[PDB]
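Here you'll find one protein chain in two forms, each presented separately as structure tokens under the names structure 1 and structure 2.
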Structure 1
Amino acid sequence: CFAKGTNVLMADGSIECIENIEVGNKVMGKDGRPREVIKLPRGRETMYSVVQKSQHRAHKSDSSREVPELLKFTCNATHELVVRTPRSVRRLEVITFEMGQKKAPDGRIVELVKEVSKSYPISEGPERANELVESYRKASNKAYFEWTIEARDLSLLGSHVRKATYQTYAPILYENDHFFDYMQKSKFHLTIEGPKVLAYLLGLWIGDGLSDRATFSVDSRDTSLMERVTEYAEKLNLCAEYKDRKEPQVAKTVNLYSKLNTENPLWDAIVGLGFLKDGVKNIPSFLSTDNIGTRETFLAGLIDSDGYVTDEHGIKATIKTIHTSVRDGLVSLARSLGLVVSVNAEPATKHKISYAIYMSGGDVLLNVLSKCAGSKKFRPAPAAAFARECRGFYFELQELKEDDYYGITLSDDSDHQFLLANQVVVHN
């Protein structure tokens, strides 16, 4: 039901092209648990591509710097989109969104959400109206409809319903212990200290450190940070040497020697784990399926050196970077936690393009900021427990036709949905 090349998420965090998946294989379920592939449907059908609706767009040339907003895929016409639409009722001419049906041009009857209206004489008194809205309100335990519509049928939706309809991506709940295992692979388990502490400092590294030694800036900005870098460095048996600034009276130098900066455990980790790529900084892919607390700590560290926290219309954290490797790696990482992300190519020693990355998520973001030590960056942890939920995204569908499609069908015993490599929740 997908085009050749479509990357899907395997039950182990590995990415795999739809066409190379075999019977017996296990893909990733929205719950972080596996889904077994039992058959591999193949055929030819008109295809449709799904692309997230943007605002600030241009990407479609490999001339570089065109943000590759991961959320998109191509599927065949009969492939079922996993969609949601909010419930809605207006007045008390009470208008509501309700599941209904419509005959398609080819004769088929399709079940779909429809804009419905009921109106009676003002003369007849508001009795019937209030029973309508109250009734509508009792009709469900959710503030949205969760359902599916084959790609070819989306055009049947009326405008209001179509625009309000969105697909979703799921946080990656599955967790690996690669950070842990890399730590074991350099002497290990004897005495406290773990991956969150290293992840934090590595976060600081990407944020504003030097790409040639285990050394980064600090100075002040949030000041309280310093006591933590020493305490954390200390936890990793390293040592933090502070020097004479490293930015017009705003940043410093902190060398993390082995209780150096080269033949060191940290820069080993840096270039060893993948944080330094082609002479440029980058946040690794394993991160996205690692331990959640580790992911949050790496992020807390990154927010601490080069992040901007805001409260105005909800918490939001912003990171600017020129490296596309960092950009792409951060969007993946944040999304795996269940945060909402949007990048923005904007203006900018002298250099061309700069990337602004904003993350939101309420309690999900509060869980990250609570791990920060920077004065204007820390925000109290959530009040209560919280579920990392699927986030929605509005999209545009495009008819393409032609082509061969590749599908995998999961067991009937299961909830026939799994995750593409971009975290989008898809059906068979």
Structure 2
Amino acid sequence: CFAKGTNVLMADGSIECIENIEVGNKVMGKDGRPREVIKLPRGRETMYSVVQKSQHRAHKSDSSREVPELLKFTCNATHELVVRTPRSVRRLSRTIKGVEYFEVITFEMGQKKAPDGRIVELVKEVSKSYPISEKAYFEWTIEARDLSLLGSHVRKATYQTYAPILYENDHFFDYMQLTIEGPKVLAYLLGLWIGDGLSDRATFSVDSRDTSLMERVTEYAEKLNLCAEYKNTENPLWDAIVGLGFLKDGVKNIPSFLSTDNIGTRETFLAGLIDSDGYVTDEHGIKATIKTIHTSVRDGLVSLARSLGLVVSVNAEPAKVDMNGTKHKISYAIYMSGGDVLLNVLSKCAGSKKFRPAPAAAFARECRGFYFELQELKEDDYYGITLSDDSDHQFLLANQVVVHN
């Protein structure tokens, strides 16, 4: 069902290639609970490239300059994609009536004759009022080779989903360098460093006019004992930047463990990063925007925000120019949205035009949808794993895409 090299998420929040897994290994399910591998099937056939539909980039190459699509996988022709399509009616409700012929256009389940000879069940767009076998959406499944039978509309309207990482490790807190009264300020000061810090030491660049942030920095430092050194020594903040991985080979980095660790710590780190070089808007829905010239931070942030269940998109931009020179070429804009998922992160920020009050009531981190495009590929060796017949039959790939057995 999957090409050689597909990374899947393991139930303990660990990552492994589709091929290095065996029965007994437990993958990560939708709920943050473990699945059970009870078989490992193989074969060869047409394979398809599934990738999220996006407005730009991605030319074939080995340099991580161009912004990449991380919501992508290669499965086999008979792979069953778990998809959703909206219910939809037009020019009439269920069934209203006027005079002299007019049309009712609807989306409903029917059976279409596959060119191969198979009689597949799928969503069809239907003319005037006709019954014959027809919640705000359809929850269903389709084999890769079958997307092509879909009508233009039904097809553009269909999407896959990704689930949030509701599971939690503790790699952060086991790294003392207690719980209540603590982790908040370091996770905060770490995101603050990746945003404004000096690569060689614990020195950020808090904006003067931002009295509210200067207040935070000084307040927080005090809680972690230090103070004023930033506005390389046995300095437990610099030791964590290094120890916890915030420097991907002499380059600023957002460590993978951040995606399966404590939720609160994920949200606090993001707040510090937004406080440093992000900015929030409310025009058409609450949204935060972090900027970075680092490719490692850019990709680690995308998976960090999606682990929380936020909606993410990335765009390439031009950098700076001092007197028309200084610093060049490109930087990146990462856009995040999600309502109360986002309100829960912004309610930890210090910046005055950044802070937003916390959600009104409790909230749920839903799976988010995404439109994709398929590429019919050549014959190849497939892998795949079988979850127990009594489970939901689903699990999450390393990128969080919800896949079916």
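Along the sequence of structure 1, residues get numbers from 1 upward. Definition used throughout: the rigid core is the maximal C-alpha set that superposes within 1.5 Å between two forms.
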With the core superposed between structure 1 and structure 2, a CA shift of at least 2 Å among 354, 78, 310, 237 belongs only to 237
Core superposed first: is there a CA shift of 2 Å or greater at residue 291 between structure 1 and structure 2?
no
Superposing on the rigid core, do we see a C-alpha displacement of 2 Å or more at residue 221 between structure 1 and structure 2?
yes
Superpose the two forms on their rigid core, then report whether the C-alpha of residue 119 is displaced by 2 angstroms or more between structure 1 and structure 2.
yes
Could you check how much the CA of residue 366 shifts between structure 1 and structure 2 after a rigid core fit, in angstrom?
0.6
So, with the core fitted, how far does residue 67 move at its Cα between structure 1 and structure 2, in angstrom?
1.4
